[PDB]
Structures are given as C-alpha cells and as structure tokens.
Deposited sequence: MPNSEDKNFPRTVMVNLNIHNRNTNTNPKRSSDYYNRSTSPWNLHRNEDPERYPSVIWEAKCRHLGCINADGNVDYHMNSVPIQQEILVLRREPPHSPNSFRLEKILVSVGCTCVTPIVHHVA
C-alpha cells in the first residue's frame, strides 16, 4: 500500500473529421470508476476514405488502443478512497495497409 492524497479539483475534433479513417465518440460510463465518463473512439468505417471521397476497402480503419490508468473505488462504492487500475481505451483511428 503506497497511499497518497489527491485533490480532485483541477485548477480540433472538426479537423479530425477530415481523416481517411474517421471516428465517432462513444460515451463510456462506470459509477465505480474515476473518471466515471470516458469518451472512446469508434471507427466510422471498415475501409478508409480514398481521394474520391469514397470508402475504399483496400485499406482498413483501425482503432488506436492505449493503456490508461483509472481510479477504482476501494472498498467498492467508497466516495473517497481508490486503487489505481489499468484499462485499454480507443483514442482515435488510423488507416493501415493490410497484410
């Protein structure tokens, strides 16, 4: 147990709409976690948008997954005590050339 005190008081999305692998944001809620709200990226298409503005299945949109840390209420339902925990989240999409 390495217990520390944390003060939770903290003191373009239209540019990425031009991506060849565009994505939408999905709101992910968990009342036993801090942050309770996490916005997850979901690729709009299986393929990538080509030079003509059409979805081209010769390339694939893939989510960029990142490991992040979240606070898990410990004991469960605790409003003021937590344990650090690792989860995988989608932070955007990229276009890849298949194998």
### Query
What stretches of this chain's deposited sequence are missing C-alpha coordinates?
1-9, 21-30, 119-123
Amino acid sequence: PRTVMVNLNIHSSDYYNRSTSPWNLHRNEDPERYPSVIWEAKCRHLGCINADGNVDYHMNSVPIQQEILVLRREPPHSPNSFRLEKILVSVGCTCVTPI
From here on, numbers count along this sequence of modelled residues.
#### Entry: Unresolved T20 in a third or more of other entries flanked by modelled residues
no
### Task
Using the B-factors in the PDB entry, rank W23's C-alpha atom against the chain and give the third, lowest, middle or highest.
lowest
### Message
Split into thirds by Cα B-factor across the chain's modelled residues, where does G53 land: lowest, middle or highest?
### Response
middle
### Message
Is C93 in the lowest, middle or highest third of its chain when residues are ranked by C-alpha B-factor?
### Response
lowest
### Query
With respect to C-alpha B-factor, does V6 fall in the lowest, middle or highest third of the chain as deposited?
lowest
